[PDB]
Structure formats: structure tokens, C-alpha cells
Amino acid sequence: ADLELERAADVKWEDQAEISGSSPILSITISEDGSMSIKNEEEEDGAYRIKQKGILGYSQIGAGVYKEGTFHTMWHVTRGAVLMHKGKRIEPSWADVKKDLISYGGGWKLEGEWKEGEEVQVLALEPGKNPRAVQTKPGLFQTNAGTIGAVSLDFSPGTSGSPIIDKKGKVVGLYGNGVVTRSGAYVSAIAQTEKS
Numbered sequence: 003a004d005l006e007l008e009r010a011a012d013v014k015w016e017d018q019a020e021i022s023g024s025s026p027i028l029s030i031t032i033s034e035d036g037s038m039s040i041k042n043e044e045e077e078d079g080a081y082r083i084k085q086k087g088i089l090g091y092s093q094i095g096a097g098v099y100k101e102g103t104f105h106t107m108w109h110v111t112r113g114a115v116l117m118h119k120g121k122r123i124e125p126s127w128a129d130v131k132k133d134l135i136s137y138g139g140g141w142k143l144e145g146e147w148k149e150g151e152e153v154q155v156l157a158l159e160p161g162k163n164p165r166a167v168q169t170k171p172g173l174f175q176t177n178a179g180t181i182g183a184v185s186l187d188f189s190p191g192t193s194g195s196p197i198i199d200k201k202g203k204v205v206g207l208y209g210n211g212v213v214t215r216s217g218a219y220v221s222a223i224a225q226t227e228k229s
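Written out as C-alpha cells, the structure reads:
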């Protein structure tokens with residue numbers, strides 16, 4: 003399929019979300035003169082949206098993180114497809130379908146490791162919404178897969194792959210799929226594997 007990357011935000015902790023719970027991530031484009039704010043309301078390191086080309090235009094299907102020569106996203110988002118940035122092809126290099134992970138241009142570079150009790154920020158890239166840092170306390174949960182980290186934030190469908198950041202600005206994982214845990218909690222998994 004026709005899959006495009008659109009850079010949305012820096013991978014950094016947002017102080018305002020600590021104070022407030024939430025904070026928009028506003029980026030300024032310098033233009034050929036005027037400053038303006040990026041407004042996704044309207045339709077290389079960083080967070081990106083993954084858009085499919087429709088007849089009606091581009092629709093966001095997920096999100097991911099560029100770091101250390103490598104794009105990182107969810108298997109179920111791209112399902113192994115080649116991605117496009119500005120006419121360049123980026124081809125998948127590594128996947129773990131059971132972890133729901135896929136990297137492009139290299140092996141897994143993400144190195145954050147969430148510690149139980151500590152707060153994190155989801156740098157959420159909801160379709161048609163500006164980025165928002167959302168500060169949250171994830172939990173340890175039990176699943177038929179085993180033990181997962183997970184957060185009790187339910188974003189809109191195509192936010193999956195948004196990075197989850199500790200206070201050092203490390204990516205502790207990606208905003209994964211909805212699961213009902215042992216216990217009956219409906220939660221989103223922190224999708225992560227080890228740096229290779």
C-alpha cells in the first residue's frame with residue numbers, strides 16, 4: 003500500500019504535562035517569511082504519523098519514532114509495507130510479530146525501560162489532532178502472553194505506535210494495542226523489545 007511518513011514532533015519530555023496532566027506539542031514552521039503553527043486539524078529524529086493515500090486524501094493509520102538511523106512502529110500498522118518519506122523508500126529491516134514491533138533501516142534502537150511506579154508521557158499523535166504529551170502512570174498487568182507494562186489511556190484508533198517517554202526523554206516503548214488483562218482491566222500495552 004501507499005504509506006507516507008509525516009514528522010509530527012520532537013521526542014522530548016514536556017514540562018507543562020507534568021504541571022497539568024496534558025500539554026499540546028506545538029511546532030513552528032518558518033515558511034518563506036512568517037512563523038506559523040503546524041495544525042493537523044485540516045484534511077530525521079522524531080515522532081511521525083503513518084498516512085495511507087486515499088482517493089479523499091491522506092488518512093493516518095499509525096505512528097512511530099525515528100532514532101539512530103531507524104524508524105520504529107507497530108507490525109499491525111504497516112504489516113511489513115515499504116514506507117515513503119518525500120519520494121525516498123524505506124524498507125523494513127526487522128520485525129517481531131508477537132511483540133507487534135517492526136523497525137526500518139536497522140535493528141531496534143529504542144532503549145527506555147519503564148520502572149514500576151514511575152510516570153511517563155505518551156506523546157500522542159491522534160489522527161487529525163495536534164500532538165499532545167499525556168502524563169500517566171502505567172501498570173504491570175498479566176495477559177495470556179505473560180506480564181506487560183501498560184497504560185490506561187484509550188486514544189483514537191490510529192494513535193498506535195505513538196512513543197512513550199520517560200523523564201530522561203528515552204522511549205520506553207510504543208503505544209500498543211488494547212487488551213483486556215487478567216483482572217478485566219482494558220489497557221494499552223507498552224510495546225518494547227531490547228536494543229540489538
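Quick note, the sequence shown lines up with residues 3 to 45, 77 to 229 if you use the entry's author numbering. Cβ atoms here follow ideal geometry from the backbone N, Cα and C, with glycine treated the same way.
Check, Outcome
"What is the DSSP secondary structure of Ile83, counted as helix, strand or coil?", "strand"
"Cβ of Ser29 within 8 Å of Cβ of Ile40?", "yes"
"What does the Cβ neighbour count give for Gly145, buried or exposed, with the cut at 16 atoms within 10 Å?", "buried"
"Whole angstroms is fine: what's the gap from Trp141's alpha carbon to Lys86's?", "27 Å"
"Going by the DSSP bridge assignment, what does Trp147 pair with across the sheet?", "None; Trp147 has no bridge partner."
"Closest to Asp199 by C-alpha separation, out of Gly90, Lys132, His118, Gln154, would be which residue?", "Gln154"
"Classify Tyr208: buried if its beta carbon has 16 or more other beta carbons within 10 angstroms, exposed otherwise.", "buried"
"Quick one: what does DSSP say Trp108 is sitting in, helix, strand or coil?", "helix"
"Thinking just about the alpha-carbon of each residue, which of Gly161, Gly217, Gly172, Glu152 is nearest to the one in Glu16?", "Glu152"
"Start and end of the alpha helix (DSSP H) containing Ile181?", "From DSSP, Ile181 is part of no alpha helix (DSSP H) but of the beta strand (DSSP E) over 179-184."
"By how many angstroms is the C-alpha of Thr111 removed from the C-alpha of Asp4?", "10 Å"
"Quick check on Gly102 - is its C-beta less than 8 Å from some C-beta in chain B?", "Annotation note: the requested chain B is absent from the structure, which comprises a single protein chain."
"Would you call the CB atoms of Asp133 and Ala19 closer than 8 Å?", "no"
"Quick check for students: name the residue ranges of the beta strand (DSSP E) that lie wholly in the segment 161-217, counting only runs of 3 or more.", "165-169, 172-176, 179-184, 196-198, 204-213"
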